[PDB]
Amino acid sequence: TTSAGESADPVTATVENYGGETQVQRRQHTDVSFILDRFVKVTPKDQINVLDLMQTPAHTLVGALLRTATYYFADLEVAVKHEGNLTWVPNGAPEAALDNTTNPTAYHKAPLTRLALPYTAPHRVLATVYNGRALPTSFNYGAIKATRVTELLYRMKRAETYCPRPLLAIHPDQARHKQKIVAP
Amino acid sequence: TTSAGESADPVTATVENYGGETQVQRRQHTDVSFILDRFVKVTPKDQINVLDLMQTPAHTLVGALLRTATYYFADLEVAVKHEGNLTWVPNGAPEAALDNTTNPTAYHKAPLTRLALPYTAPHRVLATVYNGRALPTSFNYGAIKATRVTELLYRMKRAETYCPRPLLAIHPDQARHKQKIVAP
Amino acid sequence: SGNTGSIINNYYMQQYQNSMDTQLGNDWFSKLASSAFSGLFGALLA
Amino acid sequence: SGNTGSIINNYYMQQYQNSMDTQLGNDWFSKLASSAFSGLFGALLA
Amino acid sequence: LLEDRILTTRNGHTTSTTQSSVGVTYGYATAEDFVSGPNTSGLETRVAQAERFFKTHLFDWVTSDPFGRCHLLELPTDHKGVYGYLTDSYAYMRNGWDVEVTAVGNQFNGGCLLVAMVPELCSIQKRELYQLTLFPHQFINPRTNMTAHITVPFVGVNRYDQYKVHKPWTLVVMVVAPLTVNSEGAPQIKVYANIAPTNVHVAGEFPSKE
Amino acid sequence: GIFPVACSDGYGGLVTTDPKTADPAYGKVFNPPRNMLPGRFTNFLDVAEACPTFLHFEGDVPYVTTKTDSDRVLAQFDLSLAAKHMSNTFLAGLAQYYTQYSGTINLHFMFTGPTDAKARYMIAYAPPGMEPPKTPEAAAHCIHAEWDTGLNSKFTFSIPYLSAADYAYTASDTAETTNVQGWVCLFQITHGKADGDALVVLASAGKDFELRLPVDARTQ
Amino acid sequence: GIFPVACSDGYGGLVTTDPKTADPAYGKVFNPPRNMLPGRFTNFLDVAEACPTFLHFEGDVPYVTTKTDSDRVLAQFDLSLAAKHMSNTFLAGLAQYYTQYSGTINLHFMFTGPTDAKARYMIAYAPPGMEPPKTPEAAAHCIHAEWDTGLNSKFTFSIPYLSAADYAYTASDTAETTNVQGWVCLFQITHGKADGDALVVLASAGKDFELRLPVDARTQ
């Protein structure tokens, strides 16, 4: 399938061309909303932890895919294996704001914490990269604190980014990167 | 928007005036019934604790908002992390009345106590300020006792005050009060 | 009445959760709020 | 939205699970994907 | 000498023409997010007066010039005319850089620059430089085109973006294929850039230099 | 047998907002009557909007006296709830409890001086990116308005809702000394035997006003 | 009494994918607007397919220069995602996260040289069972195609989905050095004053393409 190339209009090609047929693919899995809903366990750095995302390992699935689309929106579903009582506090709310039991001060059970989390930014949308290590103080989905937090996971929800970014991986060396799969 | 001022008839003004448009605000949050339904953890002073409200810290949300509207009505939803068996007793009922298991004598489990509480005053309405530190002995939503009570919280319910009061806060000093929020 | 998003009749009967408000025989603050003119005591120009 | 195969209204009301997306007044990447010709700039033979 | 393709693009009074056209490409958007938002409370107006072309220089694509030289050019950027005064008398606004990029040599050279117009950023990984093919972008080659052109929308993080201290739009042209003067080819290609800020409205206003 | 059940971990552990309700254990209570009871209300931006308040000030007094020199600026400060003069007012005596907001707020003016005291004032409103003026001349370049004492005294000007994000915070930091919302600034034209008079400014919620995201955090 | 219940063991113990949802404890939140916002998307094989990428290469450069000897082979390597040149590309910069796949992938070609540089290339595709050629002559026996520079530059060839199982893995082992999917190999016919030119090859997802079974496992 020839064409003009310095025009970059999408100009694909497919099987049929020289022969063969083309199939009915079921990409359900490469569905952006689908493969971003599944918790990421980031290090709950002490107790006073901010519900940021660029804290997460930029190498995990929900992390990586995260770092590939500039803009985005979604909600939150957390997890907190921990000690004491998780007293979350909204966005913008004073660091200190997170302490009063009246605030959503969850009461421990066994063993972590599964709760829902609205996306509460004053901006109509958020991003992993603000051209404005150096990204905005309104870029936080609330903020938690208990009295010792051991497990921090963020199941992003109702996902939906916008615009794209670069996707690369494991620089091999033999034109074919070798790594033991699952064998009998 | 000029007008007569020594008349104090409400005489607001809005955008349009000199330009601009006006928006569709969604104040759902500043809804008096909404932002008073969310538990306040007051110090359960020993065991024999009276379901009063001016016991609560007059600085907490449900406390403050409470102390801002003279009259009011609402029900109760309590919490009692504690020891023994919570045996609540109605309003007017003899201090001593709270002891007999026949009375609502709840039986411990793990860990606090979540129960519903009717508003049981002989008066058609109650108040945080009776002009009649010095407020009426019928102003109590019943009275609890167990054998050691560690957590006292009062989720006020089906809220609804009447008449207003003065709302002030954190006297700054630099015309702008500075206090660390939630940052990335 | 604050935060009651239960899809059921919160199980326990009506005459049980809260205490029933017997009748007899923003109410007002909304009445004196929804009546503030943004007009002009002269006449707009330009 | 990922993995929500609950048969119920996930109990807790609509205006409760997630935060409601107020309006105003692949979206596009699918728009520039579903338009790539597999034709030939000459004329097929044989 | 072909299917034949020309084109002139008017913006206000300024109008870039070309003959090695190739076309264009709009990415991400083609529209603009309802710029009648709440934050601007009707206090925003259309100033399609400064909507037009201005010149700024990119690097100089030279034979040596490695496989990466991608002279950046932030958008917004220094404006000695209208749009600039506008940013100095205003806080909040939003536009859309037209951008009609040229790079003159002639129909005899080799190599290609890679033109792209990407938003919010900071800096890019070389290993990532292999995917500009993801944001509004064009491809130059003297054997078909002399011009590029790609017209960018508004992204911003907000409806009405402020630029005193923020620049959502950046413009890069990494050398994908090095340059070859050759037998009778031209000697050098100075990549020139022609830009224009479109569908822009303001809101806000400060005192004065006095 | 009986319906199996998954005793699911993590669902039900007490939340200071938990949507569901608790159990009732007394029931069948018929209360007194709450018929047409005086001055009720059910929204705090209803009374905020509905009944303004004056502003604390230098010294403490609410009013302000006519400068009789070139120094005209009668007011000037951070356009945010942190605003000391507001920090006590009714609208400010609450925005504490809500992390963000949007909308418009109002500034009502009044005179109190003699009839032999005809005077003129000004109201400028500049934004973030520059520091406020000190010369109505330089200021007449923001979104303003001019007025002069008359028969009717009061006057309420609505100040615009301008910000990148449709929102922004009520709190503040020593990072925001550049304020994300502006430095509204009131001045003073000229006058007559109208020096030392009282021009008290109050504050209500305009119609555009809105307030959200409940945050409780130690305040007295 | 009340409905009995079987506190069933093993049902409900937290799963990093658990179908059900958690509990909400704030609710009644009206967000900003997300109307017709620029360049959205919701599928990664949509942008993969929709916006190709060039390939890393010997040295690193993407392009390739016309051999001027008998050694014609311009390319050659393992037909799998492990493919180093691909391992970075957009389609490869993700197939990491999915154990298997099927479908077709594309190889787009381009020239950059002078008009005095007319040239010819080739694209062979052999399978598993034999080692790739080095002579378009021997290669003209696989499923191939021939082309030569012209007016239009680009050209995208779709390479066939052939494998016993309708699938196979994206990963690889030192057991699969015989690759379960082939060794695609590009060559070079003849040319003219067209030596040392640039024939950059990119990669998108063909229509037949598909990707499944999410696997996350340390990748930078």
# chains A, B, ... in the order shown; residues from 1 in each chain; ligands from 1
call {"tool": "interface_residues", "arguments": {"of": "chain F", "to": "chain A", "cutoff": "6 Å", "atoms": "only C-alpha atoms", "output": "ChimeraX atom specification"}}
result
/F:10,13-16,99,165,167-169,217
call {"tool": "interface_residues", "arguments": {"of": "chain F", "to": "chain D", "cutoff": "12 Å", "atoms": "only C-alpha atoms", "output": "list in words"}}
result
residues 17, 18, 19, 20, 21 and 213 of chain F
call {"tool": "write_last_selection", "arguments": {"atoms": "C-alpha atoms", "output": "PDB file, in the first residue's frame"}}
result
ATOM      1  CA  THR F  17     -19.889   9.700  57.070  1.00  0.00           C
ATOM      2  CA  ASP F  18     -20.968   6.144  56.341  1.00  0.00           C
ATOM      3  CA  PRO F  19     -23.981   6.474  53.952  1.00  0.00           C
ATOM      4  CA  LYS F  20     -26.110   3.836  55.662  1.00  0.00           C
ATOM      5  CA  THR F  21     -27.921   4.328  58.949  1.00  0.00           C
ATOM      6  CA  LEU F 213     -15.798  19.837  49.683  1.00  0.00           C
TER       7      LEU F 213
END
call {"tool": "residues_around", "arguments": {"residues": "residue 71 of chain B", "least_positions_apart": "6", "cutoff": "8 Å", "atoms": "only C-alpha atoms", "output": "PyMOL selection string"}}
result
chain B and resi 125-128+161-163
call {"tool": "interface_residues", "arguments": {"of": "chain F", "to": "chain G", "cutoff": "8 Å", "atoms": "only C-alpha atoms", "output": "list in words"}}
result
residues 2, 3, 4, 5, 6, 7, 8, 9, 11, 15, 17, 18, 19 and 166 of chain F
call {"tool": "closest_atom_pairs", "arguments": {"of": "chain A", "to": "chain D", "cutoff": "7 Å", "atoms": "only C-alpha atoms", "output": "Markdown table"}}
result
| residue | atom | partner | partner_atom | distance |
| --- | --- | --- | --- | --- |
| A:1 | CA | D:40 | CA | 5.5 |
| A:2 | CA | D:41 | CA | 6.2 |
| A:3 | CA | D:41 | CA | 6.4 |
| A:10 | CA | D:36 | CA | 5.2 |
| A:11 | CA | D:36 | CA | 4.6 |
| A:12 | CA | D:36 | CA | 5.0 |
| A:13 | CA | D:38 | CA | 4.5 |
| A:14 | CA | D:38 | CA | 6.4 |
| A:33 | CA | D:1 | CA | 5.1 |
| A:34 | CA | D:2 | CA | 3.3 |
| A:35 | CA | D:2 | CA | 6.2 |
| A:36 | CA | D:2 | CA | 6.7 |
| A:37 | CA | D:2 | CA | 4.8 |
| A:75 | CA | D:18 | CA | 6.5 |
| A:116 | CA | D:17 | CA | 6.5 |
| A:118 | CA | D:19 | CA | 5.2 |
| A:119 | CA | D:19 | CA | 6.7 |
| A:157 | CA | D:1 | CA | 6.6 |
| A:158 | CA | D:1 | CA | 4.6 |
| A:159 | CA | D:1 | CA | 6.6 |
call {"tool": "select_by_dssp", "arguments": {"residues": "chain G", "states": "strand (DSSP E or B)", "output": "short mmCIF file (atom, residue, chain, number, x, y, z; two decimals) with N, CA, C and O atoms, in the first residue's frame"}}
result
data_model
loop_
_atom_site.label_atom_id
_atom_site.label_comp_id
_atom_site.auth_asym_id
_atom_site.auth_seq_id
_atom_site.Cartn_x
_atom_site.Cartn_y
_atom_site.Cartn_z
N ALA G 6 -24.67 -18.23 55.76
CA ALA G 6 -23.49 -19.10 55.80
C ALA G 6 -22.22 -18.25 55.59
O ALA G 6 -21.85 -17.94 54.46
N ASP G 23 -16.85 0.81 49.16
CA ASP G 23 -17.87 1.70 49.66
C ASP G 23 -17.49 3.16 49.51
O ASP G 23 -16.33 3.52 49.68
N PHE G 30 -20.32 17.13 42.38
CA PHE G 30 -20.52 17.58 41.00
C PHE G 30 -19.19 18.19 40.51
O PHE G 30 -18.79 19.28 40.93
N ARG G 40 -8.71 12.81 22.94
CA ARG G 40 -8.94 11.72 23.86
C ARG G 40 -8.56 10.39 23.16
O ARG G 40 -7.85 10.38 22.15
N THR G 53 5.49 4.28 14.65
CA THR G 53 6.77 4.75 15.18
C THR G 53 7.91 4.12 14.36
O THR G 53 7.73 3.06 13.76
N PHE G 54 9.07 4.77 14.31
CA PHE G 54 10.22 4.25 13.55
C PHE G 54 10.89 3.18 14.38
O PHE G 54 10.52 2.95 15.53
N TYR G 98 1.07 -7.57 27.91
CA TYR G 98 0.12 -8.60 27.47
C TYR G 98 0.84 -9.85 27.00
O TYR G 98 1.48 -9.85 25.95
N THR G 99 0.70 -10.91 27.79
CA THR G 99 1.33 -12.19 27.51
C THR G 99 1.27 -12.68 26.07
O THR G 99 2.29 -13.10 25.51
N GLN G 100 0.10 -12.62 25.45
CA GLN G 100 -0.04 -13.12 24.09
C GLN G 100 -0.54 -12.05 23.14
O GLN G 100 -0.70 -10.89 23.52
N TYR G 101 -0.76 -12.46 21.89
CA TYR G 101 -1.30 -11.59 20.86
C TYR G 101 -1.47 -12.44 19.63
O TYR G 101 -1.13 -13.63 19.63
N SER G 102 -2.00 -11.78 18.61
CA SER G 102 -2.29 -12.35 17.29
C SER G 102 -2.51 -11.09 16.45
O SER G 102 -2.41 -9.97 16.96
N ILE G 105 1.07 -6.79 11.90
CA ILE G 105 1.78 -5.55 12.21
C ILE G 105 2.30 -5.01 10.88
O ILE G 105 2.48 -5.76 9.92
N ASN G 106 2.52 -3.70 10.82
CA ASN G 106 2.95 -3.09 9.58
C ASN G 106 4.34 -2.47 9.54
O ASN G 106 4.85 -1.97 10.54
N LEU G 107 4.95 -2.50 8.35
CA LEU G 107 6.27 -1.92 8.14
C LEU G 107 6.26 -0.85 7.01
O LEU G 107 6.33 -1.19 5.82
N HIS G 108 6.17 0.42 7.41
CA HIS G 108 6.13 1.56 6.49
C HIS G 108 7.54 2.03 6.01
O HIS G 108 8.43 2.27 6.83
N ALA G 119 16.04 4.38 -6.56
CA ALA G 119 16.47 3.10 -5.93
C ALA G 119 15.39 1.99 -5.81
O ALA G 119 14.18 2.25 -5.89
N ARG G 120 15.85 0.74 -5.62
CA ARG G 120 14.95 -0.41 -5.47
C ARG G 120 15.24 -1.24 -4.21
O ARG G 120 16.39 -1.49 -3.87
N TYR G 121 14.18 -1.66 -3.52
CA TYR G 121 14.29 -2.45 -2.29
C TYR G 121 13.45 -3.74 -2.38
O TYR G 121 12.80 -3.99 -3.40
N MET G 122 13.47 -4.54 -1.31
CA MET G 122 12.69 -5.80 -1.24
C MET G 122 12.29 -6.08 0.21
O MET G 122 12.90 -5.56 1.15
N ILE G 123 11.26 -6.91 0.37
CA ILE G 123 10.74 -7.30 1.67
C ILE G 123 10.35 -8.77 1.69
O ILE G 123 9.29 -9.14 1.20
N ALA G 124 11.20 -9.59 2.29
CA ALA G 124 10.91 -10.99 2.36
C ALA G 124 10.38 -11.32 3.74
O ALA G 124 10.62 -10.60 4.70
N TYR G 125 9.61 -12.39 3.82
CA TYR G 125 9.09 -12.85 5.09
C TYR G 125 9.10 -14.37 5.11
O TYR G 125 8.25 -15.01 4.49
N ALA G 126 10.08 -14.94 5.81
CA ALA G 126 10.18 -16.39 5.94
C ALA G 126 9.63 -16.74 7.34
O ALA G 126 9.46 -15.85 8.17
N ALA G 145 7.37 -9.01 -1.84
CA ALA G 145 6.97 -7.92 -2.73
C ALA G 145 8.16 -6.97 -3.04
O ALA G 145 9.05 -6.78 -2.21
N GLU G 146 8.14 -6.40 -4.25
CA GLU G 146 9.17 -5.50 -4.79
C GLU G 146 8.60 -4.10 -5.07
O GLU G 146 7.43 -3.97 -5.46
N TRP G 147 9.41 -3.06 -4.85
CA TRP G 147 8.96 -1.68 -5.08
C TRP G 147 10.15 -0.80 -5.42
O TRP G 147 11.29 -1.16 -5.15
N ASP G 148 9.89 0.37 -6.00
CA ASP G 148 10.96 1.31 -6.34
C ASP G 148 10.52 2.77 -6.15
O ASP G 148 9.40 3.16 -6.50
N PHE G 155 5.04 3.85 1.97
CA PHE G 155 4.51 2.56 1.57
C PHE G 155 4.50 1.71 2.81
O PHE G 155 5.54 1.56 3.46
N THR G 156 3.35 1.11 3.12
CA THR G 156 3.22 0.28 4.31
C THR G 156 2.82 -1.18 4.02
O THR G 156 1.71 -1.45 3.57
N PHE G 157 3.74 -2.12 4.26
CA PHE G 157 3.43 -3.53 4.01
C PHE G 157 2.99 -4.24 5.27
O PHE G 157 3.65 -4.16 6.31
N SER G 158 1.88 -4.95 5.15
CA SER G 158 1.37 -5.72 6.27
C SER G 158 1.98 -7.12 6.25
O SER G 158 1.93 -7.81 5.22
N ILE G 159 2.56 -7.54 7.38
CA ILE G 159 3.15 -8.87 7.49
C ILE G 159 2.14 -9.79 8.20
O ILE G 159 1.64 -9.48 9.29
N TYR G 169 3.32 -16.23 22.47
CA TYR G 169 3.80 -15.15 23.33
C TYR G 169 4.59 -13.96 22.77
O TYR G 169 5.18 -14.03 21.69
N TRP G 183 11.40 -15.23 11.08
CA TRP G 183 12.48 -14.25 11.02
C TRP G 183 12.27 -13.32 9.82
O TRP G 183 12.91 -13.51 8.78
N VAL G 184 11.38 -12.34 9.94
CA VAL G 184 11.16 -11.45 8.80
C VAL G 184 12.49 -10.83 8.40
O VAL G 184 13.30 -10.48 9.27
N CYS G 185 12.69 -10.68 7.09
CA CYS G 185 13.94 -10.16 6.54
C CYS G 185 13.83 -9.31 5.25
O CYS G 185 13.44 -9.80 4.19
N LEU G 186 14.22 -8.04 5.37
CA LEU G 186 14.21 -7.07 4.28
C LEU G 186 15.55 -7.03 3.52
O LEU G 186 16.60 -7.09 4.15
N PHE G 187 15.52 -6.89 2.19
CA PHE G 187 16.76 -6.86 1.38
C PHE G 187 16.88 -5.61 0.50
O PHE G 187 16.18 -4.63 0.73
N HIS G 191 20.22 -0.17 -7.51
CA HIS G 191 19.90 1.25 -7.39
C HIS G 191 20.73 2.14 -8.31
O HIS G 191 21.40 1.64 -9.21
N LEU G 202 8.89 2.24 9.81
CA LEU G 202 8.11 2.45 11.03
C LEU G 202 7.19 1.27 11.32
O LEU G 202 7.20 0.27 10.59
N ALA G 203 6.38 1.37 12.38
CA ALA G 203 5.47 0.27 12.72
C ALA G 203 4.17 0.64 13.45
O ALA G 203 4.17 1.30 14.50
N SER G 204 3.06 0.18 12.87
CA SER G 204 1.71 0.39 13.38
C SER G 204 1.02 -0.97 13.50
O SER G 204 1.58 -2.01 13.13
N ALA G 205 -0.19 -0.97 14.05
CA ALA G 205 -0.95 -2.20 14.18
C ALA G 205 -1.83 -2.27 12.93
O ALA G 205 -2.45 -1.28 12.55
N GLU G 210 -4.57 -7.83 17.36
CA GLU G 210 -5.32 -8.06 18.60
C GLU G 210 -4.28 -8.30 19.72
O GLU G 210 -3.15 -8.70 19.44
N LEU G 211 -4.67 -8.06 20.98
CA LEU G 211 -3.75 -8.21 22.12
C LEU G 211 -4.56 -8.57 23.38
O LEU G 211 -5.57 -7.92 23.67
N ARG G 212 -4.11 -9.58 24.14
CA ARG G 212 -4.85 -10.03 25.32
C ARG G 212 -4.04 -10.56 26.51
O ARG G 212 -2.83 -10.69 26.43
N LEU G 213 -4.76 -10.89 27.59
CA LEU G 213 -4.21 -11.42 28.86
C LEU G 213 -3.20 -10.48 29.57
O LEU G 213 -1.99 -10.72 29.49
N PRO G 214 -3.68 -9.45 30.29
CA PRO G 214 -2.82 -8.48 31.00
C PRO G 214 -1.82 -9.06 32.02
O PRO G 214 -2.18 -9.76 32.98
#
call {"tool": "residues_around", "arguments": {"residues": "residue 90 of chain E", "least_positions_apart": "6", "cutoff": "8 Å", "atoms": "only C-alpha atoms", "output": "PDB file with N, CA and C atoms, in the first residue's frame"}}
result
ATOM      1  N   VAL E 202      -9.732  36.647  25.713  1.00  0.00           N
ATOM      2  CA  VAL E 202      -9.131  37.037  26.984  1.00  0.00           C
ATOM      3  C   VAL E 202     -10.145  37.174  28.094  1.00  0.00           C
ATOM      4  N   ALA E 203      -9.626  37.472  29.283  1.00  0.00           N
ATOM      5  CA  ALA E 203     -10.415  37.665  30.500  1.00  0.00           C
ATOM      6  C   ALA E 203      -9.443  38.077  31.595  1.00  0.00           C
ATOM      7  N   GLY E 204      -9.733  39.161  32.289  1.00  0.00           N
ATOM      8  CA  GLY E 204      -8.790  39.605  33.301  1.00  0.00           C
ATOM      9  C   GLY E 204      -8.164  40.929  32.866  1.00  0.00           C
ATOM     10  N   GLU E 205      -7.321  41.536  33.705  1.00  0.00           N
ATOM     11  CA  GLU E 205      -6.727  42.828  33.361  1.00  0.00           C
ATOM     12  C   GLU E 205      -6.036  43.447  34.577  1.00  0.00           C
ATOM     13  N   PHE E 206      -4.849  44.028  34.378  1.00  0.00           N
ATOM     14  CA  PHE E 206      -4.069  44.662  35.461  1.00  0.00           C
ATOM     15  C   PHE E 206      -4.005  46.203  35.324  1.00  0.00           C
TER      16      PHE E 206
END
call {"tool": "atom_distance", "arguments": {"atom1": "atom CA of residue 209 of chain F", "atom2": "atom CA of residue 104 of chain F"}}
result
4.8 Å
call {"tool": "residues_around", "arguments": {"residues": "residue 145 of chain E", "least_positions_apart": "6", "cutoff": "8 Å", "atoms": "only C-alpha atoms", "output": "ChimeraX atom specification"}}
result
/A:6 /E:20-22
call {"tool": "interface_residues", "arguments": {"of": "chain E", "to": "chain F", "cutoff": "9 Å", "atoms": "only C-alpha atoms", "output": "list in words"}}
result
residues 37, 38, 39, 40, 41, 43, 90, 91, 92, 93, 157, 158, 159, 160, 161, 162, 164, 165, 203, 204, 205, 206, 207, 208, 209 and 210 of chain E
call {"tool": "select_by_dssp", "arguments": {"residues": "segment 4-180 of chain F", "states": "helix (DSSP H, G or I)", "output": "MDAnalysis selection string"}}
result
chainID F and resid 44:50 95:97 136:139
call {"tool": "closest_atom_pairs", "arguments": {"of": "chain E", "to": "chain D", "cutoff": "8 Å", "atoms": "only C-alpha atoms", "output": "tab-separated table"}}
result
residue	atom	partner	partner_atom	distance
E:28	CA	D:28	CA	6.5
E:29	CA	D:28	CA	7.1
E:34	CA	D:25	CA	7.3
call {"tool": "atom_distance", "arguments": {"atom1": "atom CA of residue 152 of chain E", "atom2": "atom CA of residue 73 of chain E"}}
result
14.2 Å
call {"tool": "closest_atom_pairs", "arguments": {"of": "chain E", "to": "chain A", "cutoff": "8 Å", "atoms": "only C-alpha atoms", "output": "tab-separated table"}}
result
residue	atom	partner	partner_atom	distance
E:22	CA	A:7	CA	5.5
E:23	CA	A:7	CA	6.2
E:24	CA	A:7	CA	6.6
E:25	CA	A:9	CA	7.0
E:28	CA	A:163	CA	6.1
E:120	CA	A:131	CA	4.6
E:121	CA	A:131	CA	4.7
E:122	CA	A:131	CA	5.5
E:127	CA	A:168	CA	7.3
E:128	CA	A:166	CA	5.3
E:129	CA	A:166	CA	7.9
E:130	CA	A:166	CA	7.8
E:131	CA	A:166	CA	5.5
E:132	CA	A:166	CA	7.6
E:134	CA	A:164	CA	6.0
E:135	CA	A:164	CA	6.7
E:137	CA	A:8	CA	7.9
E:138	CA	A:8	CA	6.3
E:139	CA	A:6	CA	4.7
E:140	CA	A:6	CA	5.7
E:141	CA	A:6	CA	6.5
E:144	CA	A:6	CA	7.2
E:145	CA	A:6	CA	7.2
E:157	CA	A:125	CA	6.4
E:158	CA	A:123	CA	6.5
E:165	CA	A:132	CA	6.7
E:166	CA	A:132	CA	4.3
E:167	CA	A:132	CA	6.6
E:168	CA	A:131	CA	6.1
call {"tool": "residues_around", "arguments": {"residues": "residue 21 of chain B", "least_positions_apart": "2", "cutoff": "8 Å", "atoms": "only C-alpha atoms", "output": "MDAnalysis selection string"}}
result
(chainID B and resid 15:16 19 23) or (chainID E and resid 41:43)
call {"tool": "write_last_selection", "arguments": {"atoms": "C-alpha atoms", "output": "JSON list (two decimals), in the first residue's frame"}}
result
[["chain", "number", "residue", "atom", "x", "y", "z"],
["B", 15, "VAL", "CA", -21.87, 40.04, 37.81],
["B", 16, "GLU", "CA", -23.86, 41.31, 34.78],
["B", 19, "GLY", "CA", -20.20, 43.02, 32.51],
["B", 23, "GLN", "CA", -23.18, 30.93, 36.77],
["E", 41, "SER", "CA", -17.82, 34.69, 34.30],
["E", 42, "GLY", "CA", -18.87, 36.36, 31.02],
["E", 43, "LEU", "CA", -15.83, 38.58, 31.61]]
call {"tool": "residues_around", "arguments": {"residues": "residue 156 of chain A", "least_positions_apart": "6", "cutoff": "9 Å", "atoms": "only C-alpha atoms", "output": "ChimeraX atom specification"}}
result
/A:36-40,62,74-78
call {"tool": "interface_residues", "arguments": {"of": "chain B", "to": "chain A", "cutoff": "6 Å", "atoms": "only C-alpha atoms", "output": "number ranges by chain"}}
result
B: 39-40, 180-184
call {"tool": "write_last_selection", "arguments": {"atoms": "C-alpha atoms", "output": "short mmCIF file (atom, residue, chain, number, x, y, z; two decimals), in the first residue's frame"}}
result
data_model
loop_
_atom_site.label_atom_id
_atom_site.label_comp_id
_atom_site.auth_asym_id
_atom_site.auth_seq_id
_atom_site.Cartn_x
_atom_site.Cartn_y
_atom_site.Cartn_z
CA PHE B 39 -20.38 12.33 63.78
CA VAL B 40 -18.51 14.48 66.30
CA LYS B 180 0.18 24.29 54.90
CA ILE B 181 -2.44 22.59 52.70
CA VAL B 182 -2.05 19.29 50.84
CA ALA B 183 0.86 19.35 48.42
CA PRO B 184 2.37 16.89 45.88
#
